[PDB]
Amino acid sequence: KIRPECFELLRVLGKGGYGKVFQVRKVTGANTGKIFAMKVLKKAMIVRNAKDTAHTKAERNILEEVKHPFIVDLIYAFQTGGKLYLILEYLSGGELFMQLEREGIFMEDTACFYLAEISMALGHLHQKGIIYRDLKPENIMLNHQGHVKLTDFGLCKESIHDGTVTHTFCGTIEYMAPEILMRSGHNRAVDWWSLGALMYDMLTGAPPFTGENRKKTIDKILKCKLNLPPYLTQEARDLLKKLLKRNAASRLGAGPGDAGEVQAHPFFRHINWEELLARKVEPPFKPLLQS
């Protein structure tokens, strides 16, 4: 019978308006001593909002259904009279964002590795009719070995909440597709845009469309006049041009082949997809080894 007293609170990993994420230690039952991450959501801050209650139920359902090496695992889920609990696998490798901050710019082979693993998580989700929608570096974590882990499937993590309509404008919009920003309707092609923005950020040190303020940034994304730096490889530039297109339906990955279309691009010519999925490829960075 899984209950809050089954877990010892160790430390706070994140604090938002909707609740906290803890590192926890299981203290009862078979797994005694096992370390997990625990997300604790404030019911009363959710129960009033309609789209927030829906999103809370969706995260629960997605994570329980999905089993994939590059997507964070849900272990337990339970409720009390005021809190929702999610017990997820503890991931010790930090955020992808931290590795990018350390390095400034990734070498092509480094970027290629992360983008390739991401393309597989993305492909798996699309098979199940799930859309990720924001591939900003802070949404991607690394496991203890340094392999990719997609992890934001639930409520906005912020404390302030830009307006009270949606949660699009609460964090950075620098990796979101134009059609998300316009709310004109969208589909899985949004994830391939976003993979392109993350790629551009990895290879140049900054996202493709950044302005002084939020309005100028939005305007740059909608205009979608891509500036390809001339020192990227021919392969990297060709993939970026194909991912970062205003017209969603013409992006690489947007057709019937989905991840298959992106994976067949020459930028990924040195990737063995069976060995990658099996995690037999050594990551460029091993967080346990880092200082």
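Definition used throughout: the rigid core is the maximal C-alpha set that superposes within 1.5 Å between two forms. Counting begins at 1, following the sequence as shown.
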- Message: Given a rigid core fit, name the stretch, 6-14 or 266-274, whose C-alphas are on average farther from the form shown here in 9 other deposited structures of this protein.
- Response: 6-14
- Query: Taking C-alpha RMS after core alignment, which stretch differs more from the shown form in 9 other deposited structures of this protein: 204-212, or 179-187?
  - Reply: 179-187
- Is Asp52 unresolved, in the sense of carrying no coordinates, in at least a third of the other compared entries? yes
- Task: May I ask whether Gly154 is missing from the deposited models in at least a third of the other compared entries?
- Result: no
- Note on the structure: The stretch whose C-alpha atoms carry the larger average B-factor in the entry, 59-67 or 241-249, is 59-67
- Query: Averaging C-alpha B-factors over each stretch, which comes out higher, 267-275 or 10-18?
  - Reply: 267-275
- Query: Which of these, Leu226, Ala30, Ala37, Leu222, has its C-alpha atom at the highest B-factor, as the entry lists it?
  - Reply: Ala30
- Task: Using the temperature factors in the entry, find which of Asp201, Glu117, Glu108, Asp162 has the highest value at its Cα atom.
- Result: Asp162
- Message: Is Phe209 in the lowest, middle or highest third of its chain when residues are ranked by C-alpha B-factor?
- Response: middle
- Modelled-residue ranking by C-alpha temperature factor, third containing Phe169: highest
- Query: Hey, what third does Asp152 fall into on Cα B-factor, ranked over its chain?
  - Reply: highest
- Chain-relative C-alpha B factor for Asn187 (record values, thirds): the middle
- Query: Which third of the chain does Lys128 land in by C-alpha B-factor: lowest, middle or highest?
  - Reply: highest
